[PDB]
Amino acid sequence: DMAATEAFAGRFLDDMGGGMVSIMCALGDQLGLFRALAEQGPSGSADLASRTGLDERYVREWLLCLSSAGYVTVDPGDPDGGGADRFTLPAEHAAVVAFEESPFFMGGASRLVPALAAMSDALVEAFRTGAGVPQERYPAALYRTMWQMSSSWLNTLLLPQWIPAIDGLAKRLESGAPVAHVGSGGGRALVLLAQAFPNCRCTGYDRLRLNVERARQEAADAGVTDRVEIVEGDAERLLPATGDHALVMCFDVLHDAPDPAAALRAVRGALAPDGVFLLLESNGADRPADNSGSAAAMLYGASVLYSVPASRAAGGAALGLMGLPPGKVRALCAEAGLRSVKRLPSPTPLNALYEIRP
């Protein structure tokens, strides 16, 4: 009872502290401070500020937040009269917060906390009115963060690991066939594939204009506009049933579709008989109430702030970010005629990755 009250008060404080540390990590990533400290090595606040051209007093207070949190270590100085306090980012921590090239990189994701916190007033209203919150109302920082994080694990995983891991896929892509990306987002996946497999006709589908034009610009900057087309709209309606796609990708967006079953039917119509549907969705329990832990809590909070309101505003099914766990993916795929559902090693414990075939 009293022990339980004090224990919970501690958990509450820990979570508020985690919120503040998340905001500090997002600031640090935007400012380049984690990469700066990793490359510099053990550093005082003055030397880290000088290296980045930033203000030492602010950098110092930021460092002290992170040394209190154990994200960096500190060797106190000699205020008697190694000089100043010296801070180090451990290599194991830099793999997570500093180096995009690390398969462990998550640093940019911390910006989801401030970017979605900005929508608190909008959700206070929406909880009352029952309306959705259109995608265009969210901060640009949200979509920039989504592109940043997608680019990092796509660069690490798509060509080095996923495509080679899937039987016969690389050979079919080299020969050339249609490739589709449902929810093409920032467009990096299609640029990677178009450069590596120039005989494929690549098409992205996205409902958000900002994403459509970003992906087009990315293709243009890479010189692959002749290989990469972007379509604005809902792939369930626009993905053609030509039975010839060697690959259809769908990362973190099927759960927002207005009619997931309809979307899978469209995927099944597009795929070649030996084509591959590569699906990334959240992990979690088949029964929502059985979910437990930090990953589920994080994802449900993001679901409240973005996935559910934005999908409602588009009149969608609003299943939310946790709305397609493995059992539901398997049931929906069986219904749609996608009979082979296999898990692949996931980029995060947050997600489940599937190789799906007709």
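Numbering starts at 1 and runs along the sequence shown.
Where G81 is followed by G82 in the displayed chain, the model omits 1 to 3 of the deposited residues that sit between the two.
When the mean C-alpha temperature factors of 155 to 163 and 176 to 184 are read from the deposited coordinates, 155 to 163 comes out higher. When 111 to 119 is weighed against 243 to 251, 243 to 251 comes out higher, by mean CA B-factor as recorded in the entry.
Across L319, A313, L66, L299, the entry's maximum B-factor at the CA atom is seen for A313.
Residue-level inspection of the entry shows that, of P273, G130, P198, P90, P273 has the top Cα B-factor. Among all modelled residues in its chain, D75 ranks in the highest third by Cα B-factor.
Ranked within its chain, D226 lands in the highest third, by CA B factor from the PDB record. Per the PDB record, residue ranking by Cα B-factor puts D14 in the middle third of the chain. When the CA B factors of the chain's modelled residues are split into thirds, the value for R209 lands in the middle one.
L190 sits in the lowest third of its chain by CA B factor, as recorded in the PDB entry.
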